[PDB]
Amino acid sequence: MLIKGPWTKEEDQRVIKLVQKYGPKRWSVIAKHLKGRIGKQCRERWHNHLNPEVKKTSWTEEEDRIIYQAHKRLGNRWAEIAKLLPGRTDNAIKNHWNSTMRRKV
DNA sequence: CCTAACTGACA
DNA sequence: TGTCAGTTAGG
């Protein structure tokens, strides 16, 4: 039967409302309503740039300058960079770098 | 280039 | 259980 695979439909529609109600710090409970997409699955879709709580402004200049600096000293510490960078959680700035800025300017 | 999607290791 | 560091997948 259908299980795992891409994350959408009865996936976002759940975490999307459950996060705005509880918050991204109860993945253990959030998971219970996602049927099989438990524990980590919910976190995977989220904590990146999905959070409707942060409009998809994306990288351009005022943010593209972050990786160029933040990574230059704390790149391998995406967790703290992300914390000091509201919006792009510990995943957006991580994959962005290793795809877009994969040249360590 | 851009976000999404997951795994292994760690706190 | 959640986070932390890196890699993978589709558009």
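Here is a short report on the structure shown in this document. (Residues numbered from 1 in each chain as written, not as in the entry; some residues may be left out. Chains lettered and ligands numbered in written order. Heavy atoms only, no water.)

1. Concerning the protein's contact with DNA strand C
Thought 1: Surveying the vicinity of DNA strand C reveals 13 residues, the closest of which are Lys25, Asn76, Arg77, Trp78 and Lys83.
Thought 2: One of the side-chain N or O atoms of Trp78 is found 2.7 Å from a phosphate oxygen in DNA strand C.
Thought 3: At 3.5 Å from a phosphate oxygen of DNA strand C is found a main-chain nitrogen or oxygen belonging to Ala79.
Thought 4: It is helix 5 (residues 78-83) that provides the largest number of residues to the surface near DNA strand C, a total of three residues.
Thought 5: Classifying every residue of the surface near DNA strand C gives three nonpolar, three polar and seven charged. (Near = heavy atom within 4 Å. Polar contact = N/O pair within 3.5 Å; in protein donor to acceptor, adjacent residues only side chain to side chain. Helix = DSSP H or I, 4+ residues; strand = E, 2+ residues; numbered from the N terminus. Nonpolar A, V, L, I, M, F, W, Y, C, P; charged D, E, K, R; others polar.)

2. Things to note about the environment of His49
Thought 1: Summarising the element assignment, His49 is placed in the loop between helix 3 (40-45) and helix 4 (64-74).
Thought 2: Given the relative accessible area of 13%, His49 is considered buried.
Thought 3: Along the primary structure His49 and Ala92 are separated by 43 residues, whereas in three dimensions their C-alpha atoms are 6.0 Å apart.
Thought 4: Apart from residues lying up to four places away in sequence, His49 is in contact with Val54, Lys55, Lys56, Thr57, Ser58, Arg88 and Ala92. (Buried < 20%, exposed > 50% of the residue type's maximum accessible area, 1.4 Å probe, protein only. Contact = heavy atoms within 4.5 Å.)

3. Here's the deal with the protein's contact with DNA strand B
Thought 1: With respect to spatial proximity, 20 residues lie near DNA strand B, and among them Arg37, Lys40, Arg45, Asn48 and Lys56 are the closest.
Thought 2: Counting only atoms of DNA strand B within 4 Å of the protein, the fraction found in sugar and phosphate groups is 68%.
Thought 3: The separation between a phosphate oxygen of DNA strand B and a polar main-chain atom of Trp7 is 2.9 Å.
Thought 4: One nitrogen or oxygen atom from the main chain of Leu50 is found 3.3 Å from a phosphate oxygen belonging to DNA strand B.
Thought 5: Of all the secondary-structure elements, those providing two or more residues to the surface near DNA strand B are helix 3 and helix 6 (92-97).
Thought 6: In terms of residue count, the dominant contributor to the surface near DNA strand B is helix 3 (five residues).
Thought 7: When the residues that make up the surface near DNA strand B are grouped by side-chain class, the tally is three nonpolar, ten polar and seven charged.

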